[PDB]
$ cat structure-v2.cif   # mmCIF, C-alpha atoms
data_model
#
loop_
_atom_site.group_PDB
_atom_site.id
_atom_site.type_symbol
_atom_site.label_atom_id
_atom_site.label_comp_id
_atom_site.auth_asym_id
_atom_site.auth_seq_id
_atom_site.Cartn_x
_atom_site.Cartn_y
_atom_site.Cartn_z
ATOM 1 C CA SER O 1 -16.765 -65.795 2.330
ATOM 2 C CA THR O 2 -20.494 -66.341 1.930
ATOM 3 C CA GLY O 3 -23.729 -65.236 3.564
ATOM 4 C CA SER O 4 -27.200 -66.762 3.744
ATOM 5 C CA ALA O 5 -30.283 -65.053 5.176
ATOM 6 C CA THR O 6 -33.968 -65.910 5.240
ATOM 7 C CA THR O 7 -36.367 -63.423 3.698
ATOM 8 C CA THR O 8 -39.991 -63.320 4.891
ATOM 9 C CA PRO O 9 -43.144 -61.807 3.349
ATOM 10 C CA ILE O 10 -44.405 -58.786 5.291
ATOM 11 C CA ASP O 11 -48.068 -59.718 4.885
ATOM 12 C CA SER O 12 -50.481 -62.282 3.468
ATOM 13 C CA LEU O 13 -50.163 -60.854 -0.069
ATOM 14 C CA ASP O 14 -46.360 -60.969 -0.350
ATOM 15 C CA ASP O 15 -46.404 -57.172 -0.822
ATOM 16 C CA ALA O 16 -42.701 -57.120 0.066
ATOM 17 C CA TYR O 17 -40.100 -59.247 1.818
ATOM 18 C CA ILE O 18 -37.930 -58.432 4.834
ATOM 19 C CA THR O 19 -34.518 -59.808 5.688
ATOM 20 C CA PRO O 20 -32.751 -59.282 9.047
ATOM 21 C CA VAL O 21 -29.540 -57.235 8.854
ATOM 22 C CA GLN O 22 -27.040 -56.584 11.655
ATOM 23 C CA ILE O 23 -25.719 -53.012 11.816
ATOM 24 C CA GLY O 24 -23.128 -51.643 14.218
ATOM 25 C CA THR O 25 -21.377 -52.793 17.379
ATOM 26 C CA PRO O 26 -23.011 -54.252 19.383
ATOM 27 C CA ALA O 27 -25.300 -55.442 16.615
ATOM 28 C CA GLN O 28 -28.562 -53.628 15.975
ATOM 29 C CA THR O 29 -30.820 -55.911 13.935
ATOM 30 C CA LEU O 30 -33.153 -54.185 11.473
ATOM 31 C CA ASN O 31 -35.470 -55.873 8.983
ATOM 32 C CA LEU O 32 -34.670 -54.477 5.548
ATOM 33 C CA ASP O 33 -36.342 -54.707 2.157
ATOM 34 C CA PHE O 34 -33.674 -56.065 -0.231
ATOM 35 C CA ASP O 35 -34.217 -54.152 -3.479
ATOM 36 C CA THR O 36 -32.438 -55.154 -6.696
ATOM 37 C CA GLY O 37 -34.011 -52.060 -8.297
ATOM 38 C CA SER O 38 -32.152 -49.466 -6.211
ATOM 39 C CA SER O 39 -28.715 -48.863 -4.752
ATOM 40 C CA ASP O 40 -29.077 -47.161 -1.358
ATOM 41 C CA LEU O 41 -28.923 -48.900 2.027
ATOM 42 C CA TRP O 42 -31.063 -46.634 4.195
ATOM 43 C CA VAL O 43 -32.635 -47.087 7.600
ATOM 44 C CA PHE O 44 -35.104 -45.632 10.017
ATOM 45 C CA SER O 45 -32.957 -44.100 12.712
ATOM 46 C CA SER O 46 -32.698 -41.995 15.842
ATOM 47 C CA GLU O 47 -32.543 -39.064 13.385
ATOM 48 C CA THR O 48 -35.875 -39.820 11.686
ATOM 49 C CA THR O 49 -38.576 -37.177 12.222
ATOM 50 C CA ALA O 50 -40.493 -38.610 15.177
ATOM 51 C CA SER O 51 -43.955 -38.185 13.647
ATOM 52 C CA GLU O 52 -42.797 -40.249 10.633
ATOM 53 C CA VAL O 53 -41.881 -43.299 12.754
ATOM 54 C CA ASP O 54 -44.712 -45.707 13.575
ATOM 55 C CA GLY O 55 -43.483 -49.040 14.889
ATOM 56 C CA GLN O 56 -40.220 -49.448 12.971
ATOM 57 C CA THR O 57 -37.013 -50.523 14.654
ATOM 58 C CA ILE O 58 -34.464 -47.727 14.430
ATOM 59 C CA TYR O 59 -30.707 -47.606 14.004
ATOM 60 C CA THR O 60 -29.039 -45.431 16.643
ATOM 61 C CA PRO O 61 -25.507 -44.606 15.489
ATOM 62 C CA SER O 62 -24.548 -43.075 18.857
ATOM 63 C CA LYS O 63 -24.927 -46.553 20.399
ATOM 64 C CA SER O 64 -22.539 -48.162 17.895
ATOM 65 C CA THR O 65 -18.827 -48.086 18.682
ATOM 66 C CA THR O 66 -18.021 -48.619 14.983
ATOM 67 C CA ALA O 67 -20.292 -45.878 13.548
ATOM 68 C CA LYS O 68 -18.674 -42.792 12.024
ATOM 69 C CA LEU O 69 -20.402 -39.811 10.438
ATOM 70 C CA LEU O 70 -19.553 -39.565 6.741
ATOM 71 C CA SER O 71 -19.064 -35.842 7.046
ATOM 72 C CA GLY O 72 -20.955 -33.686 4.563
ATOM 73 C CA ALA O 73 -22.682 -36.572 2.819
ATOM 74 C CA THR O 74 -26.414 -36.456 2.171
ATOM 75 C CA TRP O 75 -28.843 -38.624 0.249
ATOM 76 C CA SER O 76 -32.302 -38.333 -1.235
ATOM 77 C CA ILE O 77 -34.219 -40.938 -3.192
ATOM 78 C CA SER O 78 -37.548 -41.239 -4.978
ATOM 79 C CA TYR O 79 -38.990 -44.602 -5.980
ATOM 80 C CA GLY O 80 -41.259 -45.725 -8.811
ATOM 81 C CA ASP O 81 -44.320 -45.808 -6.561
ATOM 82 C CA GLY O 82 -43.781 -42.154 -5.650
ATOM 83 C CA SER O 83 -42.388 -42.842 -2.193
ATOM 84 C CA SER O 84 -39.229 -41.137 -0.979
ATOM 85 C CA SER O 85 -36.749 -40.682 1.846
ATOM 86 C CA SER O 86 -33.656 -38.590 2.594
ATOM 87 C CA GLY O 87 -31.052 -37.892 5.243
ATOM 88 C CA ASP O 88 -27.367 -38.072 6.111
ATOM 89 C CA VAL O 89 -24.815 -40.887 6.171
ATOM 90 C CA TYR O 90 -22.740 -42.979 8.569
ATOM 91 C CA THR O 91 -20.280 -45.723 7.865
ATOM 92 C CA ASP O 92 -20.595 -48.823 10.034
ATOM 93 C CA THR O 93 -20.208 -52.599 10.048
ATOM 94 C CA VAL O 94 -23.071 -54.402 8.307
ATOM 95 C CA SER O 95 -23.649 -58.146 8.304
ATOM 96 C CA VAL O 96 -26.143 -60.191 6.307
ATOM 97 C CA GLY O 97 -26.533 -63.874 7.053
ATOM 98 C CA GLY O 98 -23.023 -64.118 8.497
ATOM 99 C CA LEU O 99 -21.314 -62.067 5.749
ATOM 100 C CA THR O 100 -19.719 -58.896 7.111
ATOM 101 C CA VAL O 101 -18.770 -55.642 5.385
ATOM 102 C CA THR O 102 -16.850 -53.009 7.303
ATOM 103 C CA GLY O 103 -17.144 -49.364 6.303
ATOM 104 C CA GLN O 104 -20.554 -49.789 4.646
ATOM 105 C CA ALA O 105 -22.453 -46.558 3.969
ATOM 106 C CA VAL O 106 -25.564 -46.661 6.143
ATOM 107 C CA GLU O 107 -27.898 -43.893 5.060
ATOM 108 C CA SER O 108 -29.793 -42.539 8.042
ATOM 109 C CA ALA O 109 -33.256 -41.194 7.256
ATOM 110 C CA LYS O 110 -34.200 -37.776 8.524
ATOM 111 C CA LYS O 111 -37.429 -37.876 6.498
ATOM 112 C CA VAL O 112 -39.538 -40.627 4.979
ATOM 113 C CA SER O 113 -42.760 -40.457 3.006
ATOM 114 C CA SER O 114 -46.096 -41.736 4.251
ATOM 115 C CA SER O 115 -45.903 -45.163 2.620
ATOM 116 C CA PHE O 116 -42.763 -45.934 4.613
ATOM 117 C CA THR O 117 -44.215 -44.635 7.895
ATOM 118 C CA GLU O 118 -47.329 -46.746 7.346
ATOM 119 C CA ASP O 119 -45.344 -49.929 6.870
ATOM 120 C CA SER O 120 -44.297 -50.798 10.395
ATOM 121 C CA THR O 121 -42.623 -54.025 9.229
ATOM 122 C CA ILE O 122 -39.980 -52.403 7.000
ATOM 123 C CA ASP O 123 -37.081 -50.755 8.848
ATOM 124 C CA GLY O 124 -35.312 -49.616 5.678
ATOM 125 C CA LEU O 125 -34.037 -50.754 2.293
ATOM 126 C CA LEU O 126 -30.892 -52.539 1.163
ATOM 127 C CA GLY O 127 -30.179 -51.741 -2.465
ATOM 128 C CA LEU O 128 -28.711 -54.383 -4.748
ATOM 129 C CA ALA O 129 -28.769 -52.663 -8.157
ATOM 130 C CA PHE O 130 -25.551 -51.167 -9.554
ATOM 131 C CA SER O 131 -23.719 -48.606 -7.448
ATOM 132 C CA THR O 132 -23.988 -46.023 -10.248
ATOM 133 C CA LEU O 133 -27.570 -45.426 -9.012
ATOM 134 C CA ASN O 134 -26.532 -44.670 -5.430
ATOM 135 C CA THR O 135 -27.824 -41.227 -4.401
ATOM 136 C CA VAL O 136 -25.201 -40.159 -1.835
ATOM 137 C CA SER O 137 -23.712 -36.734 -2.567
ATOM 138 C CA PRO O 138 -21.062 -35.424 -3.048
ATOM 139 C CA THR O 139 -19.304 -38.795 -2.878
ATOM 140 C CA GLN O 140 -21.335 -41.669 -4.327
ATOM 141 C CA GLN O 141 -21.267 -44.835 -2.223
ATOM 142 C CA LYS O 142 -21.151 -48.553 -2.985
ATOM 143 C CA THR O 143 -23.828 -51.132 -2.303
ATOM 144 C CA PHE O 144 -23.398 -53.892 0.245
ATOM 145 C CA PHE O 145 -22.880 -56.375 -2.626
ATOM 146 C CA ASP O 146 -20.289 -54.191 -4.348
ATOM 147 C CA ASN O 147 -18.374 -53.853 -1.079
ATOM 148 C CA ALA O 148 -18.602 -57.592 -0.312
ATOM 149 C CA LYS O 149 -17.799 -58.805 -3.813
ATOM 150 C CA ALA O 150 -14.032 -59.169 -3.611
ATOM 151 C CA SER O 151 -14.344 -61.272 -0.453
ATOM 152 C CA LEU O 152 -17.036 -63.579 -1.792
ATOM 153 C CA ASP O 153 -16.239 -67.113 -2.940
ATOM 154 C CA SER O 154 -18.017 -66.208 -6.208
ATOM 155 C CA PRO O 155 -19.192 -62.703 -7.223
ATOM 156 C CA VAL O 156 -22.899 -63.506 -7.066
ATOM 157 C CA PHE O 157 -26.005 -63.286 -5.001
ATOM 158 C CA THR O 158 -29.217 -65.256 -5.422
ATOM 159 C CA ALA O 159 -32.861 -64.476 -4.742
ATOM 160 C CA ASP O 160 -35.164 -67.358 -3.854
ATOM 161 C CA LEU O 161 -38.428 -65.688 -2.883
ATOM 162 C CA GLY O 162 -41.331 -67.712 -1.540
ATOM 163 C CA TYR O 163 -45.000 -67.638 -2.469
ATOM 164 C CA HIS O 164 -46.792 -66.958 0.824
ATOM 165 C CA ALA O 165 -43.722 -68.415 2.539
ATOM 166 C CA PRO O 166 -40.166 -67.557 3.558
ATOM 167 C CA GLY O 167 -37.296 -67.758 1.101
ATOM 168 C CA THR O 168 -33.573 -67.035 0.971
ATOM 169 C CA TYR O 169 -30.979 -64.512 -0.161
ATOM 170 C CA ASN O 170 -27.527 -66.055 -0.567
ATOM 171 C CA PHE O 171 -24.265 -64.203 -1.174
ATOM 172 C CA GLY O 172 -21.180 -65.747 -2.706
ATOM 173 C CA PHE O 173 -22.491 -69.168 -3.733
ATOM 174 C CA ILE O 174 -25.159 -70.961 -5.717
ATOM 175 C CA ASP O 175 -27.128 -73.496 -3.672
ATOM 176 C CA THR O 176 -27.553 -76.343 -6.149
ATOM 177 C CA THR O 177 -30.212 -77.899 -3.890
ATOM 178 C CA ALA O 178 -32.482 -74.842 -4.188
ATOM 179 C CA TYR O 179 -33.621 -75.292 -7.800
ATOM 180 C CA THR O 180 -34.611 -77.954 -10.299
ATOM 181 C CA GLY O 181 -33.104 -78.592 -13.718
ATOM 182 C CA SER O 182 -30.468 -76.167 -14.994
ATOM 183 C CA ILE O 183 -29.899 -72.431 -14.698
ATOM 184 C CA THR O 184 -30.306 -70.430 -17.897
ATOM 185 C CA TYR O 185 -28.164 -67.317 -18.027
ATOM 186 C CA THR O 186 -29.019 -64.232 -20.053
ATOM 187 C CA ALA O 187 -27.239 -60.959 -20.842
ATOM 188 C CA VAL O 188 -27.549 -57.851 -18.681
ATOM 189 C CA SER O 189 -27.253 -54.213 -19.633
ATOM 190 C CA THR O 190 -26.022 -51.989 -16.819
ATOM 191 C CA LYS O 191 -26.568 -48.801 -18.838
ATOM 192 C CA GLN O 192 -29.495 -47.657 -16.684
ATOM 193 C CA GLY O 193 -27.990 -49.037 -13.455
ATOM 194 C CA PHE O 194 -30.442 -51.933 -13.246
ATOM 195 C CA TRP O 195 -30.334 -55.688 -13.708
ATOM 196 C CA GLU O 196 -31.819 -55.125 -17.152
ATOM 197 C CA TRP O 197 -32.319 -58.093 -19.471
ATOM 198 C CA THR O 198 -34.472 -59.190 -22.426
ATOM 199 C CA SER O 199 -37.088 -61.896 -22.075
ATOM 200 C CA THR O 200 -37.677 -63.977 -25.198
ATOM 201 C CA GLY O 201 -41.497 -64.011 -24.986
ATOM 202 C CA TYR O 202 -44.540 -65.217 -23.142
ATOM 203 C CA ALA O 203 -47.522 -67.534 -23.012
ATOM 204 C CA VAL O 204 -50.886 -67.233 -21.299
ATOM 205 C CA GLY O 205 -52.140 -70.367 -19.588
ATOM 206 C CA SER O 206 -51.868 -73.379 -21.887
ATOM 207 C CA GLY O 207 -51.629 -71.102 -24.932
ATOM 208 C CA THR O 208 -48.912 -71.062 -27.541
ATOM 209 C CA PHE O 209 -45.681 -69.248 -26.761
ATOM 210 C CA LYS O 210 -45.278 -65.867 -28.437
ATOM 211 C CA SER O 211 -41.672 -65.150 -29.361
ATOM 212 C CA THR O 212 -41.054 -61.470 -28.756
ATOM 213 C CA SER O 213 -38.293 -59.477 -27.068
ATOM 214 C CA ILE O 214 -39.315 -57.826 -23.790
ATOM 215 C CA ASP O 215 -36.671 -55.628 -22.185
ATOM 216 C CA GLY O 216 -37.149 -55.234 -18.442
ATOM 217 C CA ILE O 217 -35.540 -55.214 -15.029
ATOM 218 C CA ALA O 218 -35.301 -57.876 -12.330
ATOM 219 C CA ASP O 219 -36.581 -55.933 -9.320
ATOM 220 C CA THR O 220 -37.107 -57.619 -5.958
ATOM 221 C CA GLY O 221 -38.347 -54.299 -4.562
ATOM 222 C CA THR O 222 -41.395 -54.153 -6.861
ATOM 223 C CA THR O 223 -44.360 -56.329 -5.903
ATOM 224 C CA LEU O 224 -45.998 -56.948 -9.280
ATOM 225 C CA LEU O 225 -45.121 -57.867 -12.872
ATOM 226 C CA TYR O 226 -45.339 -54.841 -15.184
ATOM 227 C CA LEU O 227 -45.318 -55.619 -18.903
ATOM 228 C CA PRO O 228 -46.323 -53.965 -22.186
ATOM 229 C CA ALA O 229 -49.998 -53.197 -22.609
ATOM 230 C CA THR O 230 -50.320 -55.674 -25.492
ATOM 231 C CA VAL O 231 -49.040 -58.554 -23.333
ATOM 232 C CA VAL O 232 -51.129 -57.596 -20.315
ATOM 233 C CA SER O 233 -54.305 -57.261 -22.399
ATOM 234 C CA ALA O 234 -53.701 -60.727 -23.880
ATOM 235 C CA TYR O 235 -53.420 -62.152 -20.347
ATOM 236 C CA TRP O 236 -56.523 -60.534 -18.845
ATOM 237 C CA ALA O 237 -58.622 -61.284 -21.935
ATOM 238 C CA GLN O 238 -58.487 -64.916 -20.717
ATOM 239 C CA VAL O 239 -60.227 -64.057 -17.424
ATOM 240 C CA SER O 240 -64.002 -63.621 -17.581
ATOM 241 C CA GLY O 241 -64.975 -60.223 -16.241
ATOM 242 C CA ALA O 242 -61.469 -58.805 -15.970
ATOM 243 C CA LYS O 243 -61.043 -55.155 -16.897
ATOM 244 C CA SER O 244 -58.736 -52.220 -16.487
ATOM 245 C CA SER O 245 -60.135 -49.783 -13.949
ATOM 246 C CA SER O 246 -58.815 -46.231 -13.905
ATOM 247 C CA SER O 247 -60.521 -45.650 -10.536
ATOM 248 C CA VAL O 248 -58.692 -48.599 -8.952
ATOM 249 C CA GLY O 249 -55.444 -48.058 -10.862
ATOM 250 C CA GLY O 250 -55.103 -51.181 -12.969
ATOM 251 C CA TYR O 251 -56.565 -54.502 -13.954
ATOM 252 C CA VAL O 252 -59.102 -56.041 -11.629
ATOM 253 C CA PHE O 253 -60.902 -59.349 -11.926
ATOM 254 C CA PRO O 254 -63.769 -61.161 -10.204
ATOM 255 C CA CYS O 255 -62.634 -62.761 -6.961
ATOM 256 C CA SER O 256 -64.549 -65.873 -8.107
ATOM 257 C CA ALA O 257 -62.111 -66.414 -11.005
ATOM 258 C CA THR O 258 -59.523 -69.105 -11.443
ATOM 259 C CA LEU O 259 -56.515 -67.310 -12.959
ATOM 260 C CA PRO O 260 -54.417 -68.810 -15.764
ATOM 261 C CA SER O 261 -50.686 -69.167 -15.404
ATOM 262 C CA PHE O 262 -48.255 -66.852 -17.180
ATOM 263 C CA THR O 263 -45.032 -68.073 -18.780
ATOM 264 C CA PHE O 264 -42.029 -65.891 -19.587
ATOM 265 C CA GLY O 265 -39.024 -66.826 -21.686
ATOM 266 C CA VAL O 266 -35.388 -66.777 -20.600
ATOM 267 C CA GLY O 267 -33.479 -67.691 -23.723
ATOM 268 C CA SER O 268 -34.895 -71.060 -24.773
ATOM 269 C CA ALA O 269 -36.031 -71.748 -21.212
ATOM 270 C CA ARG O 270 -39.427 -71.009 -19.713
ATOM 271 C CA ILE O 271 -40.496 -69.866 -16.231
ATOM 272 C CA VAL O 272 -44.122 -70.549 -15.322
ATOM 273 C CA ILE O 273 -45.894 -68.235 -12.879
ATOM 274 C CA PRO O 274 -48.887 -70.123 -11.425
ATOM 275 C CA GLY O 275 -52.218 -68.336 -11.617
ATOM 276 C CA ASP O 276 -52.469 -68.112 -7.833
ATOM 277 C CA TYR O 277 -49.328 -65.925 -7.764
ATOM 278 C CA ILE O 278 -51.225 -63.341 -9.838
ATOM 279 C CA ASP O 279 -54.011 -62.912 -7.242
ATOM 280 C CA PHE O 280 -53.564 -59.862 -5.012
ATOM 281 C CA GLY O 281 -56.927 -60.186 -3.346
ATOM 282 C CA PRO O 282 -59.817 -57.827 -2.792
ATOM 283 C CA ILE O 283 -59.253 -54.226 -3.850
ATOM 284 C CA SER O 284 -60.702 -53.134 -0.493
ATOM 285 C CA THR O 285 -61.673 -55.234 2.474
ATOM 286 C CA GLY O 286 -64.642 -57.449 1.644
ATOM 287 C CA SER O 287 -64.836 -56.508 -2.029
ATOM 288 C CA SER O 288 -65.573 -59.128 -4.685
ATOM 289 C CA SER O 289 -63.262 -57.271 -7.090
ATOM 290 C CA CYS O 290 -59.695 -58.545 -6.861
ATOM 291 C CA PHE O 291 -56.486 -56.797 -7.916
ATOM 292 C CA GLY O 292 -54.329 -58.349 -10.614
ATOM 293 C CA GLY O 293 -50.665 -59.196 -10.221
ATOM 294 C CA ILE O 294 -49.829 -58.492 -13.877
ATOM 295 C CA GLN O 295 -50.216 -54.834 -14.799
ATOM 296 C CA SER O 296 -49.312 -52.559 -17.684
ATOM 297 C CA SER O 297 -45.942 -50.810 -17.698
ATOM 298 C CA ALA O 298 -47.279 -48.130 -20.048
ATOM 299 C CA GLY O 299 -46.263 -44.791 -18.591
ATOM 300 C CA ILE O 300 -43.704 -46.312 -16.203
ATOM 301 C CA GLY O 301 -41.200 -46.228 -19.028
ATOM 302 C CA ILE O 302 -39.730 -49.641 -18.214
ATOM 303 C CA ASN O 303 -40.958 -53.217 -17.877
ATOM 304 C CA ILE O 304 -40.478 -54.660 -14.381
ATOM 305 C CA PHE O 305 -40.066 -58.322 -13.468
ATOM 306 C CA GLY O 306 -41.073 -57.816 -9.865
ATOM 307 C CA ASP O 307 -41.782 -60.312 -7.106
ATOM 308 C CA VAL O 308 -44.721 -61.959 -8.929
ATOM 309 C CA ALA O 309 -42.262 -63.147 -11.582
ATOM 310 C CA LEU O 310 -39.136 -63.591 -9.524
ATOM 311 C CA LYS O 311 -40.748 -65.766 -6.833
ATOM 312 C CA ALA O 312 -41.541 -68.357 -9.521
ATOM 313 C CA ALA O 313 -37.796 -68.856 -10.057
ATOM 314 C CA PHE O 314 -34.419 -69.278 -8.439
ATOM 315 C CA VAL O 315 -32.622 -66.144 -9.669
ATOM 316 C CA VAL O 316 -28.861 -65.611 -9.913
ATOM 317 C CA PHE O 317 -27.535 -62.056 -9.938
ATOM 318 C CA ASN O 318 -24.074 -62.597 -11.392
ATOM 319 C CA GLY O 319 -21.829 -59.631 -10.649
ATOM 320 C CA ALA O 320 -18.788 -60.874 -12.527
ATOM 321 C CA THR O 321 -16.913 -58.394 -14.720
ATOM 322 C CA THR O 322 -19.575 -59.009 -17.364
ATOM 323 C CA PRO O 323 -22.776 -59.270 -15.308
ATOM 324 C CA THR O 324 -25.511 -61.724 -16.242
ATOM 325 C CA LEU O 325 -28.794 -63.014 -14.796
ATOM 326 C CA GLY O 326 -29.648 -66.680 -14.306
ATOM 327 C CA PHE O 327 -33.098 -68.219 -13.932
ATOM 328 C CA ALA O 328 -34.037 -71.747 -12.896
ATOM 329 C CA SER O 329 -37.328 -73.377 -12.048
ATOM 330 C CA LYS O 330 -37.733 -74.610 -8.472
#

$ encode --input "structure-v2.cif" --output "structure tokens"
Amino acid sequence: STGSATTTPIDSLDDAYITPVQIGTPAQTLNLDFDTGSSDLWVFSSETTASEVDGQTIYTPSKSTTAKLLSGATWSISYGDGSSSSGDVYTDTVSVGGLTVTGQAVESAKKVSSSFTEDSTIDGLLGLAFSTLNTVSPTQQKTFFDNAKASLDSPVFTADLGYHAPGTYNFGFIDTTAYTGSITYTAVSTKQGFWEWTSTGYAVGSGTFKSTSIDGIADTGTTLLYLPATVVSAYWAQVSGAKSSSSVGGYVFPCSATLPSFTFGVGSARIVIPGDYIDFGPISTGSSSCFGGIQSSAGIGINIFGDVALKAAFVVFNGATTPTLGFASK
């Protein structure tokens, strides 16, 4: 089997991407944030504290003939941006782009933090990191990908995120029309539960490539590119007037700037992030200070190849017995 679903930016900045997902019988379609940095499939629901729902579409298990309470199971998750959610668990039929999993754990939110409430466009998350990170207790649950894997034509999914445009998540096949040149594969460590890999270096604009190992995660659920302070300083030093602002919470730059590109290494291959991808616009409405899309990972404890990086590539998440990551230009 295979699946193919379009993913769409939630706003004009590509802050996140939503993908329609069918849950239950008859289908209830919710727009979920596919997150390769976490491993819970959770949804706004008929159980979510009413004051914490503001425009989201909810899953109502009582209206699904295939829903079953997973008795005694609870979940609770905290994300890198400090947001969180928690609740109980149903199993139900879940389909993505024509690919169906029966018995998928669907984590129903009883509580969500303010950032989730405030984002009316995101009805929940669909985790695509390794199932060892799943938070369901006392019986840990598998991700949608883990459950689908045996049925897939090939044990893979691909992320093809757009810049200010829709893109695609595919399951079970590699669309050879969706990228240019060849795919370069690189080793993954699953020790922390992430799609963790080592970039071979970077360049700023038309500058020379610096060969240096940068361990980080491929995380579709993080907006920006978070890299070591040395790398990030070297980038912003090439933008007149750019500075790190503690009051704003990172590097800012004059909105009048033309940003240089940023290149990262994948083995001997190179992925180029155009300068425009690094512009996250005014820090507040009407400001002439703009927020940068490359930020320091110092004090996160991990480097994160978030959407800024990933949307510059066609990315293969290879879930074979020895997992690997593939990157191609597009």

$ closest_residue --input "structure-v2.cif" --among "O:49, O:97, O:56, O:140" --to "residue 171 of chain O" --atoms "all atoms listed in the file"
O:97

$ resolve_selection --input "structure-v2.cif" --expression "the PyMOL selection byres ((chain O and resi 280) around 7)" --output "PyMOL selection string"
chain O and resi 13+278-279+281-282+290-293

$ residues_around --input "structure-v2.cif" --residues "residue 312 of chain O" --least-positions-apart "2" --cutoff "9 Å" --atoms "all atoms listed in the file" --output "number ranges by chain"
O: 160-163, 271-274, 277, 307-310, 314, 328-330

$ atom_distance --input "structure-v2.cif" --atom1 "atom CA of residue 96 of chain O" --atom2 "atom CA of residue 137 of chain O"
25.2 Å

$ atom_distance --input "structure-v2.cif" --atom1 "atom CA of residue 256 of chain O" --atom2 "atom CA of residue 287 of chain O"
11.2 Å

$ resolve_selection --input "structure-v2.cif" --expression "the PyMOL selection byres ((chain O and resi 103-107) around 8)" --output "number ranges by chain"
O: 40-43, 75, 87-94, 101-102, 108-109, 141-144, 147

$ atom_distance --input "structure-v2.cif" --atom1 "atom CA of residue 64 of chain O" --atom2 "atom CA of residue 30 of chain O"
13.8 Å

$ residues_near_point --input "structure-v2.cif" --point "(-57.3, -48.2, -11.8)" --cutoff "12 Å" --atoms "all atoms listed in the file" --output "PyMOL selection string"
chain O and resi 243-253+283+289-292+295-296

$ closest_residue --input "structure-v2.cif" --among "O:182, O:238, O:95, O:212" --to "residue 145 of chain O" --atoms "all atoms listed in the file"
O:95

$ residues_around --input "structure-v2.cif" --residues "segment 35-39 of chain O" --least-positions-apart "2" --cutoff "7 Å" --atoms "all atoms listed in the file" --output "count of residues only"
17

$ closest_residue --input "structure-v2.cif" --among "O:132, O:27, O:266, O:300" --to "residue 82 of chain O" --atoms "only C-alpha atoms"
O:300

$ closest_residue --input "structure-v2.cif" --among "O:233, O:12, O:76, O:158" --to "residue 316 of chain O" --atoms "all atoms listed in the file"
O:158

$ residues_around --input "structure-v2.cif" --residues "residue 84 of chain O" --least-positions-apart "2" --cutoff "7 Å" --atoms "all atoms listed in the file" --output "VMD selection string"
chain O and resid 77 to 79 82 112 to 113

$ resolve_selection --input "structure-v2.cif" --expression "the PyMOL selection byres ((chain O and resi 10) around 10)" --output "ChimeraX atom specification"
/O:7-9,11-19,33,119-122,164,166

$ residues_near_point --input "structure-v2.cif" --point "(-27.1, -59.6, -17.3)" --cutoff "10 Å" --atoms "only C-alpha atoms" --output "number ranges by chain"
O: 185-190, 194-198, 217-218, 316-320, 322-326

$ axis_aligned_box --input "structure-v2.cif" --around "segment 218-231 of chain O" --padding-each-side "5 Å" --output "lines of an AutoDock Vina configuration file"
center_x = -42.8
center_y = -55.9
center_z = -15.0
size_x = 25.0
size_y = 15.4
size_z = 30.9

$ closest_residue --input "structure-v2.cif" --among "O:260, O:228, O:138, O:267" --to "residue 240 of chain O" --atoms "all atoms listed in the file"
O:260

$ closest_residue --input "structure-v2.cif" --among "O:86, O:25, O:154, O:139" --to "residue 62 of chain O" --atoms "all atoms listed in the file"
O:25

$ residues_around --input "structure-v2.cif" --residues "residue 211 of chain O" --least-positions-apart "6" --cutoff "7 Å" --atoms "only C-alpha atoms" --output "PyMOL selection string"
chain O and resi 200-202

$ build_atoms --input "structure-v2.cif" --residues "segment 227-236 of chain O" --atoms "N, CA and C atoms" --output "tab-separated table (two decimals), in the coordinates of the input"
chain	number	residue	atom	x	y	z
O	227	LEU	N	-45.68	-55.24	-17.54
O	227	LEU	CA	-45.32	-55.62	-18.90
O	227	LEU	C	-46.05	-54.74	-19.92
O	228	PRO	N	-45.66	-54.81	-21.19
O	228	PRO	CA	-46.32	-53.96	-22.19
O	228	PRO	C	-47.82	-54.20	-22.25
O	229	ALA	N	-48.55	-53.15	-22.62
O	229	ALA	CA	-50.00	-53.20	-22.61
O	229	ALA	C	-50.56	-54.31	-23.49
O	230	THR	N	-49.89	-54.60	-24.61
O	230	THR	CA	-50.32	-55.67	-25.49
O	230	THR	C	-50.31	-57.03	-24.76
O	231	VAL	N	-49.22	-57.30	-24.06
O	231	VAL	CA	-49.04	-58.55	-23.33
O	231	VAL	C	-50.07	-58.67	-22.21
O	232	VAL	N	-50.24	-57.59	-21.46
O	232	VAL	CA	-51.13	-57.60	-20.32
O	232	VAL	C	-52.59	-57.76	-20.76
O	233	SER	N	-52.97	-57.10	-21.86
O	233	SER	CA	-54.30	-57.26	-22.40
O	233	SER	C	-54.55	-58.72	-22.82
O	234	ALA	N	-53.56	-59.34	-23.45
O	234	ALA	CA	-53.70	-60.73	-23.88
O	234	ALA	C	-53.92	-61.65	-22.67
O	235	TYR	N	-53.24	-61.36	-21.56
O	235	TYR	CA	-53.42	-62.15	-20.35
O	235	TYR	C	-54.85	-61.99	-19.80
O	236	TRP	N	-55.26	-60.75	-19.53
O	236	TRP	CA	-56.52	-60.53	-18.84
O	236	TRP	C	-57.73	-60.86	-19.71
